[PDB]
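Report on one structure; see the data block that follows.
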RNA sequence: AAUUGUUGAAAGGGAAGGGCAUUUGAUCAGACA
RNA sequence: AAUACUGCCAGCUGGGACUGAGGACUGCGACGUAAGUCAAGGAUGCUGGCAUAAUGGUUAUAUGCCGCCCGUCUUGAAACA
RNA sequence: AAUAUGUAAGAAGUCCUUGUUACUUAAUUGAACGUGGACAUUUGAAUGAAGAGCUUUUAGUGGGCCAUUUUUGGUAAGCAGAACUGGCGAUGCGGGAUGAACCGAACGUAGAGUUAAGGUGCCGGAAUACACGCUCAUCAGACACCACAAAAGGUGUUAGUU
RNA sequence: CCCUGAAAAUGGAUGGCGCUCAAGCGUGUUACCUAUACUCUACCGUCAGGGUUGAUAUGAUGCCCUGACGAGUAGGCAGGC
RNA sequence: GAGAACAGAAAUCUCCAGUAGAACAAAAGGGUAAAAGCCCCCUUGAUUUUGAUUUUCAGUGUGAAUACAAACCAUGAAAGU
RNA sequence: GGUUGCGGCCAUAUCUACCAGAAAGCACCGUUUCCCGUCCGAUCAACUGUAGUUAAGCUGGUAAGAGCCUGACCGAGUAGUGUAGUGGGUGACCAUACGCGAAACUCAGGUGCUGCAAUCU
Ligand SMILES: [Mg+2]
Ligand SMILES: [Mg+2]
Ligand SMILES: [Mg+2]
Ligand SMILES: [Mg+2]
Ligand SMILES: [Mg+2]
Ligand SMILES: [Mg+2]
Ligand SMILES: [Mg+2]
Ligand SMILES: [Mg+2]
Ligand SMILES: [Mg+2]
Ligand SMILES: [Mg+2]
Ligand SMILES: [Mg+2]
Ligand SMILES: [Mg+2]
Ligand SMILES: [Mg+2]
Ligand SMILES: [Mg+2]
Ligand SMILES: [Mg+2]
Ligand SMILES: [Mg+2]
Ligand SMILES: [Mg+2]
Ligand SMILES: [Mg+2]
Ligand SMILES: [Mg+2]
Ligand SMILES: [Mg+2]
Ligand SMILES: [Mg+2]
Ligand SMILES: [Mg+2]
Ligand SMILES: [Mg+2]
Ligand SMILES: [Mg+2]
Ligand SMILES: [Mg+2]
Ligand SMILES: [Mg+2]
Ligand SMILES: [Mg+2]
Ligand SMILES: [Mg+2]
Ligand SMILES: [Mg+2]
Ligand SMILES: [Mg+2]
Ligand SMILES: [Mg+2]
Ligand SMILES: [Mg+2]
Ligand SMILES: [Mg+2]
Ligand SMILES: [Mg+2]
Ligand SMILES: [Mg+2]
Ligand SMILES: [Mg+2]
Ligand SMILES: [Mg+2]
Ligand SMILES: [Mg+2]
Ligand SMILES: [Mg+2]
Ligand SMILES: [Mg+2]
Ligand SMILES: [Mg+2]
Ligand SMILES: [Mg+2]
Ligand SMILES: [Mg+2]
Ligand SMILES: [Mg+2]
Ligand SMILES: [Mg+2]
Ligand SMILES: [Mg+2]
Ligand SMILES: [Mg+2]
Ligand SMILES: [Mg+2]
Ligand SMILES: [Mg+2]
Ligand SMILES: [Mg+2]
Ligand SMILES: [Mg+2]
Ligand SMILES: [Mg+2]
Ligand SMILES: [Mg+2]
Ligand SMILES: [Mg+2]
Ligand SMILES: [Mg+2]
Ligand SMILES: [Mg+2]
Ligand SMILES: [Mg+2]
Ligand SMILES: [Mg+2]
Ligand SMILES: [Mg+2]
Ligand SMILES: [Mg+2]
Ligand SMILES: [Mg+2]
Ligand SMILES: [Mg+2]
Ligand SMILES: [Mg+2]
Ligand SMILES: [Mg+2]
Ligand SMILES: [Mg+2]
Ligand SMILES: [Mg+2]
Ligand SMILES: [Mg+2]
Ligand SMILES: [Mg+2]
Ligand SMILES: [Mg+2]
Ligand SMILES: [Mg+2]
Ligand SMILES: [Mg+2]
Ligand SMILES: [Mg+2]
Ligand SMILES: [Mg+2]
Ligand SMILES: [Mg+2]
Ligand SMILES: [Mg+2]
Ligand SMILES: [Mg+2]
Ligand SMILES: [Mg+2]
Ligand SMILES: [Mg+2]
Ligand SMILES: [Mg+2]
Ligand SMILES: [Mg+2]
Ligand SMILES: [Mg+2]
Ligand SMILES: [Mg+2]
Ligand SMILES: [Mg+2]
Ligand SMILES: [Mg+2]
Ligand SMILES: [Mg+2]
Ligand SMILES: [Mg+2]
Ligand SMILES: [Mg+2]
Ligand SMILES: [Mg+2]
Ligand SMILES: [Mg+2]
Ligand SMILES: [Mg+2]
Ligand SMILES: [Mg+2]
Ligand SMILES: [Mg+2]
Ligand SMILES: [Mg+2]
Ligand SMILES: [Mg+2]
Ligand SMILES: [Mg+2]
Ligand SMILES: [Mg+2]
Ligand SMILES: [Mg+2]
Ligand SMILES: [Mg+2]
Ligand SMILES: [Mg+2]
Ligand SMILES: [Mg+2]
Ligand SMILES: [Mg+2]
Ligand SMILES: [Mg+2]
Ligand SMILES: [Mg+2]
Ligand SMILES: [Mg+2]
Ligand SMILES: [Mg+2]
Ligand SMILES: [Mg+2]
Ligand SMILES: [Mg+2]
Ligand SMILES: [Mg+2]
Ligand SMILES: [Mg+2]
Ligand SMILES: [Mg+2]
Ligand SMILES: [Mg+2]
Ligand SMILES: [Mg+2]
Ligand SMILES: [Mg+2]
Ligand SMILES: [Mg+2]
Ligand SMILES: [Mg+2]
Ligand SMILES: [Mg+2]
Ligand SMILES: [Mg+2]
Ligand SMILES: [Mg+2]
């Protein structure tokens, strides 16, 4: 009892039903996988300029 | 292809900055309407020059009425055609009263005798035959003897009712 | 059995360009990449380390990370019926700056000028791009240019 | 005239629902090019006789 | 003369057994049923649409 | 034959009247369709919908989430509006005055509001006071503070709370949850 | 109910039964005012 | 000069077929010096027949054309499953 | 090369001013993130848009088969296996006499009209229509898929070539 | 184009009759016939968008206007008997 | 290729040419010339910590791989690696 | 303009055969006490700039030169190809319709461009 082995027949039919959704885009993406030494210092950078701006409404 | 008209068609590779006013070439085309005729124009132009409709432009498309449309004329016709086994050149002679009427019947003969459909046929030249005894083929030469007459025997008359009460007579 | 190794099928994909083997020229390492740059991926067969997978060949993406010898490029590979986010760690030899944005930039600065100079003139701008319109009318001259009549040619062989 | 607002003017019009040509199509088989003796493609100003029978 | 800039397109072909690409272009041209018709402005970017659907 | 571009005979998928069968709910719905049809004020259209929302989509607004809203700059005299029940919060020690209009006030929060000198309005008294919703501040409760949403989107590396009955070690915490037992997630 | 006898009506040139339609025969509702 | 051919007219006009949804008014107009009128947001006017098995429903038969056994499993069933 | 395929076509934009840090520079150098300021819909191609986004849960299925084109094994197969699309399966209606898959066309109950594919001697609705040729077969021929025929011959006849 | 090449088993199939300046083959021009398709209308349903709580009568999940759509196994849901 | 006692087709020595026609454990395909090849010099980064990433993918596991972070070291004049 | 140091693109820079090269620079060139390396001061190191030379390197020019680069309605709208038909053909295959479109070939033209710094009749 052999039977069929493989086909991509009808698979693009299915994939197009509910879409092929575009990849979605966000302002402010994630820092995931960014260099750690950069992020460490950059954590302190935002902290600093955060503090300066509360000192701008003191 | 239908009932034929004859067109003069004129086109020319699109002007370029460095080559404006290109050369203009004409063809006389036998087609049934002006759209087929420009399709045909481009068909042959691409068989000679580097052009295609995409890069060229039709300049003028003009019907050419028969100069003497009640003057019986002996035509010689030159044609390229592909048959099943290959492609060949012919010369036939049509005795009709206008180029367009004769190109029509050429196409009938090619279809009847050599099974060539319209696509397989290139009119190369159609021209009036000035002197008699330049007429070559005999199926024409027959009709140029002096004081010519001939009867039409076995006359058949298209009945208009289903029955008949005589019994016909093919007399003429 | 079947074979499906990491560089399977890349015989010509990772070949080197004709008479262009050898060391990579020194500008490839003088180019500078910043977060946000649009880059094109084309793997260099001679540099095995830090090489993209064959799938990311010919693929364009955005850098998200800049390391010692490398750039992080995120790319949207579409698996299934959707796109996923893929971050790649390429080395500078396999990446290159995409001119796909130059036309845009060349058109932005130009658009600002066309707008400032027109505003400081008296409005009337029109600076969207329009497709190719059909040709206008024209009168072509016959002078020195009579139509050369053509006919199809008969059949020959010449062999 | 294809004016400045041909997009909004032309889209304001619902697709035209025509009937079949009232005298028939003229060709024996439709799904060849106009040049080849069927109906499809750009038949240029011959569209008007077609459309006028379908209206 | 100037090349025409307006064109009028009617769907000749029925609904079924149509390849996906002409089938989109028929939808974008709003000719989704047989014998309906719309006007089309002639540009490179739509002259290339008409090409894609001439059989229909 | 039409080549359809979209699903045919598709319901909008938004509620149209509350699924509730409370007479009084249908009366408020009656009031507010009228208001929403004849007022051009947006607040009525919003309120009309919230009356249809199912109990999930009506998370309680705490009395302290309210007190917070009144601390917005220029928001402290606004009359807050809650289309749902309002719950007491023993964790704020000082509550402001103001007027809260709700579907329900709990025994606890009605006290805390009235005690501090406020007023508890039912949503139709609010209609009379503010047909265009003038001076209203609508608050919604936190919807994904629901427990069940912890288990939604469960899957590898999703960090997402397994549907479990008993918990503790011995309960889905070995193979596939730590580097030393096979793998981690 | 299957199935059977009698009586009455009707059709039947290698099945029968069915669809749309109308002639003919039988039968019946309603509506006029 | 004429004619054909192709195209246009918000030019005139005859024969035939199917339909008559809606139920005060309300709209856009048209004709009128005007008053009024109208073919302008869906049929009215006039005349006749029968008031009945005439029309209509049911039914049985005849006639034209059409109609393979249902259920199932199956890529595929009227199947010599 | 063709056909297929990555990215881009702006407000999440562009330009000036000059803050934050532990990263980085010989260096207030740079990198990243910012405060403040300048410019609106011809704000940056087309066409479309019975809206767009999102969430949860759950059925059936997990034997497939056919056609055009590409294509592997086999002399081949109504054979075995892939690619893209379209279909049958799940689908009736008109055509192909007949027929799962071809052509046409996709179905609420009806009236009037016009057509498709295919037809119009008679069976059968519809020209024993018009026009030019060809063919006479002591086993003529007669419309895609399709229900087969070849090399090679003919002083049958027809038009052609040198 | 026609003929020869051209041999299988019940009787027999251009679908049948039959057709020979065809009712055959090539090719052109017209008219004509008819799908559950197309256009217009009526009705049924589905979906959508509007309008309407003002009392003093009868449905407010109602009433009124308008547009578009309608194939279906396995299967889902709905509203009903 | 042209040259050197025994020395021959093949021992060792020299010069010219030489785009890789070689070598790089292994199948093959990429890749490599002041090297990735051959000769030498010094070594243990085949080490410690724990994440991210690419292929296969369900975007699970595994195997294999890439770019960093934080250590400790090797080599080199050094940039480096 | 030459040259030199460091370059970028990496033959229009390469290959083969001849000829020319002022000045400065490069070069070849002299020596082996020292650091340093070789079977060999040939290479590598050091010392001299003195003692010599344009021979070579180097730069430039010639050639119906090889190669390479560029162009062209040279070939060729050819080959191939996307789309269409109840198109032809027993097939093999082939025309046609709406599009896209090569490679060889052939002829013509060309033979490094240029960044920083120093120097030069
Ligand atoms: Mg088995
Ligand atoms: Mg099998
Ligand atoms: Mg299977
Ligand atoms: Mg043509
Ligand atoms: Mg051609
Ligand atoms: Mg030909
Ligand atoms: Mg007659
Ligand atoms: Mg293999
Ligand atoms: Mg390979
Ligand atoms: Mg390695
Ligand atoms: Mg007529
Ligand atoms: Mg008619
Ligand atoms: Mg017709
Ligand atoms: Mg036909
Ligand atoms: Mg009409
Ligand atoms: Mg359009
Ligand atoms: Mg075109
Ligand atoms: Mg809800
Ligand atoms: Mg909420
Ligand atoms: Mg909690
Ligand atoms: Mg849950
Ligand atoms: Mg637990
Ligand atoms: Mg019998
Ligand atoms: Mg009956
Ligand atoms: Mg009465
Ligand atoms: Mg006329
Ligand atoms: Mg008229
Ligand atoms: Mg009426
Ligand atoms: Mg009425
Ligand atoms: Mg007047
Ligand atoms: Mg009136
Ligand atoms: Mg009666
Ligand atoms: Mg009586
Ligand atoms: Mg009766
Ligand atoms: Mg009665
Ligand atoms: Mg009577
Ligand atoms: Mg009667
Ligand atoms: Mg009876
Ligand atoms: Mg009966
Ligand atoms: Mg029958
Ligand atoms: Mg049964
Ligand atoms: Mg079976
Ligand atoms: Mg099944
Ligand atoms: Mg079967
Ligand atoms: Mg059955
Ligand atoms: Mg059987
Ligand atoms: Mg090509
Ligand atoms: Mg694309
Ligand atoms: Mg500071
Ligand atoms: Mg600002
Ligand atoms: Mg746009
Ligand atoms: Mg467009
Ligand atoms: Mg639009
Ligand atoms: Mg919308
Ligand atoms: Mg499911
Ligand atoms: Mg299985
Ligand atoms: Mg399952
Ligand atoms: Mg093939
Ligand atoms: Mg098979
Ligand atoms: Mg198909
Ligand atoms: Mg299907
Ligand atoms: Mg189906
Ligand atoms: Mg079907
Ligand atoms: Mg049928
Ligand atoms: Mg048919
Ligand atoms: Mg048949
Ligand atoms: Mg067909
Ligand atoms: Mg087809
Ligand atoms: Mg018969
Ligand atoms: Mg008849
Ligand atoms: Mg007639
Ligand atoms: Mg016979
Ligand atoms: Mg015989
Ligand atoms: Mg026999
Ligand atoms: Mg016979
Ligand atoms: Mg055939
Ligand atoms: Mg023969
Ligand atoms: Mg012969
Ligand atoms: Mg010949
Ligand atoms: Mg014949
Ligand atoms: Mg028998
Ligand atoms: Mg036969
Ligand atoms: Mg016959
Ligand atoms: Mg017949
Ligand atoms: Mg005929
Ligand atoms: Mg006529
Ligand atoms: Mg039908
Ligand atoms: Mg109907
Ligand atoms: Mg309708
Ligand atoms: Mg309502
Ligand atoms: Mg249904
Ligand atoms: Mg019901
Ligand atoms: Mg019940
Ligand atoms: Mg010796
Ligand atoms: Mg091994
Ligand atoms: Mg190898
Ligand atoms: Mg080196
Ligand atoms: Mg060795
Ligand atoms: Mg190890
Ligand atoms: Mg995995
Ligand atoms: Mg997963
Ligand atoms: Mg996965
Ligand atoms: Mg997946
Ligand atoms: Mg696992
Ligand atoms: Mg894994
Ligand atoms: Mg690997
Ligand atoms: Mg000198
Ligand atoms: Mg030295
Ligand atoms: Mg010299
Ligand atoms: Mg010299
Ligand atoms: Mg030198
Ligand atoms: Mg040369
Ligand atoms: Mg060819
Ligand atoms: Mg092709
Ligand atoms: Mg074909
Ligand atoms: Mg053969
Ligand atoms: Mg072509
Ligand atoms: Mg040549």
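With contacts taken as Cα pairs under 8 Å at a separation of at least 6 residues, the range B:70-146 carries a relative contact order of 39 percent.
In this rough spin-label picture, where each label sits 7 Å from Cα along the Cβ direction, the residue C:129-residue A:4 distance is 4.4 nm. Nearest 0.05, what FRET efficiency do residue B:120 and residue B:60 give at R0 = 30 Å with Cβ-Cβ as r? Using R0 = 30 Å, I get an efficiency of 0.55. The overall shape of the range B:3-69 is prolate: from the C-alpha gyration tensor, with semi-axes ordered a ≥ b ≥ c, the ratio a/c is 1.5 or greater and a/b exceeds b/c.
Relative to the longest principal axis of the Cα atoms of chain C, helix C:102-119 runs at roughly 50 degrees. Summary value for chain B: 19 percent relative contact order, contacts being C-alpha pairs under 8 angstrom separated by 6+ residues. Taking other C-beta atoms within 10 angstrom as a stand-in for reagent exposure, B:145, E:32 fall in the order B:145, E:32, fewest first.
DSSP bridge analysis restricted to the protein assembly as shown gives an antiparallel fraction near 75%, rounded to the nearest 5. Working from Cα pairs under 8 Å separated by at least six residues, relative contact order for chain F is 17 percent. Could you give P(r) for chain F, binned at 5 Å from zero, as whole percent values over all Cα-Cα pairs? Result, from short to long distances: 1, 7, 12, 14, 13, 11, 9, 8, 8, 7, 5, 3, 1, 0 percent. Distance between the pseudo-spin-label points of residue C:101 and residue D:22 (7 Å out from Cα toward the beta carbon): 6.2 nm.
Axis angle, to the nearest 10 degrees, between helix B:34-45 and the longest C-alpha principal axis of chain B: 60 degrees. Here's the picture: a label point sits 7 Å out from the Cα of residue F:104 along the beta-carbon direction, and within the range F:57-96 the residues with their amide nitrogen under 19 Å of it are F:57-66, F:81-90.
Label-to-label distance, residue F:20 versus residue C:35, with points set 7 angstrom from Cα along the beta-carbon direction: 4.9 nm.
Applying 1/(1 + (r/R0)^6) with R0 = 56 Å to the Cβ-Cβ distance of residue F:56 and residue C:117, what FRET efficiency is obtained, to the nearest 0.05?
0.40
The range B:106-172 and the range D:1-51 have Cα centres separated by 41 Å. Residues B:160, F:85, arranged from fewest to most other Cβ atoms within 10 angstrom of their Cβ, appear as B:160, F:85. Placing a label point 7 Å from the Cα of residue A:20 along the Cα-to-Cβ line, the residues of the range C:63-86 whose backbone N sits under 14 Å from it are C:77-84.
Sorted ascending by nearby beta carbons within 10 Å, beginning with the fewest, F:20, C:69 become C:69, F:20. Kindly express, to the nearest 10 degrees and within the range 0 to 90, the angle between helix B:99-114's C-alpha long axis and the longest C-alpha principal axis of chain B. The two axes meet at around 80 degrees.
With ideal geometry, Cβ positions are generated from the backbone for all residues, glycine too; neighbour counts draw on all protein chains shown. Every number in this text was worked out from the coordinates using simple rules, so none of it is lab data.
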